[PDB]
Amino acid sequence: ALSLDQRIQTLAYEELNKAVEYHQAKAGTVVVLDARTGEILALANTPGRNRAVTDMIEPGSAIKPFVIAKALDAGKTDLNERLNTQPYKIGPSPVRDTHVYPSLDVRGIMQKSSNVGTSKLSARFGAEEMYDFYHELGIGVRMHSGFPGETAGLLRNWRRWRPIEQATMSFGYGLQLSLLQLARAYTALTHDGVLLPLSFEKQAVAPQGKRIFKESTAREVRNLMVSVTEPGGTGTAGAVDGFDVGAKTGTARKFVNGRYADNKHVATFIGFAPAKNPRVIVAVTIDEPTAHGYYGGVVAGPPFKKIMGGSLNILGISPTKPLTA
């Protein structure tokens, strides 16, 4: 009794391969989950290996919602604090955003994808604490999917970390996980603070998961993530008619020839809807887009929008606001 929904799988596979063609990308992957049970509704790749489970990627900015959640959960920040987000350096390493934002509140940090803001929240925790937190999200912990070629991913031992590393981990450098592991982590935000195991089998009742955040934290973070798909956000291309969508964009520089490249990227878009009471998670990654943009929002947003809107329809979920399209 497989959890796969054939209509969603077909939609995912078609929209993924079309986006990869349109952006003249090298490859891509899509994961669709039930946001309340962790059932895997669709898993699609471009021709070749099962990259969704086999390929380790850097999460990039798709890790930031968890850093922000953890800071709010532990009371290290709140919705009122405006953080100084001026860029800075440690030795040769910069910690900088796409623009110089003099200050942002936590909403802004999410909305604009501020690396500086995220790093400062992370810096409020000790190294070992952050290491255990990344491990609790499942980073470095094998999925045991049943598929061959699956690895655990990479979480470097905290005793080894240089001063800069905790900072750069907070915007997704140096950690490695599969798209499936990353999609799994988002269940802690959608299932009210409780991380789910994921399953290829239909579930009559949500498995027991593991609490990572307070319900209230997860609820506030989901609302912050709606800012990503609204005007002002990095992810407006992923907005879905009739629904509020909480999402996060990511754009990761590819590490090639012992060097992070200036113009070779992995584009990611992960989101859930309905934002207040989510039922579906869709996670999209596009490797090396070379036409019509390279950022997560512009490249992976449009297929996210079609896969999410279509999935909501297939599952019979009612729009939460009037339609306009």
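Numbers follow the displayed sequence, beginning with 1.
Q: Going by the mean C-alpha B-factor recorded in the entry, which is higher: 185 to 193 or 72 to 80?
A: In the deposited entry, the stretch with the higher C-alpha B-factor mean is 72 to 80.
Q: For the stretches 249 to 257 and 138 to 146, which has the higher mean C-alpha B-factor as given in the deposited record?
A: According to the entry, 249 to 257 carries the higher average C-alpha B-factor.
Q: Could you tell me which one of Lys120, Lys202, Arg222, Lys112 shows the highest CA temperature factor in the PDB record?
A: Checking the PDB record, the top C-alpha B-factor among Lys120, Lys202, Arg222, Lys112 is at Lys202.
Q: In the PDB entry, which of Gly153, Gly172, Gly108, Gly238 has its C-alpha at the highest B-factor?
A: Checking the PDB record, the top C-alpha B-factor among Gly153, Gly172, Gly108, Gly238 is at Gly153.
Q: Sorting the chain's modelled residues by C-alpha B-factor, tell me whether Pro65 ends up in the lowest, middle or highest third.
A: Lowest third of the chain for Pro65's C-alpha B-factor.
Q: Against its chain's modelled residues, does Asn263's Cα B factor rank lowest, middle or highest third?
A: Its C-alpha B-factor belongs to the highest third of this chain's values.
Q: Rank-wise, by C-alpha B-factor, drop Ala127 into the lowest, middle or highest third of its chain.
A: Middle third - that is where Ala127 ends up once the chain's C-alpha B-factors are sorted.
Q: Rank-wise, by C-alpha B-factor, drop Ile317 into the lowest, middle or highest third of its chain.
A: According to the entry, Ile317 has a C-alpha B-factor in the chain's highest third.
Q: Split into thirds by Cα B-factor across the chain's modelled residues, where does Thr234 land: lowest, middle or highest?
A: Lowest third, going by the recorded CA B-factors of the chain.
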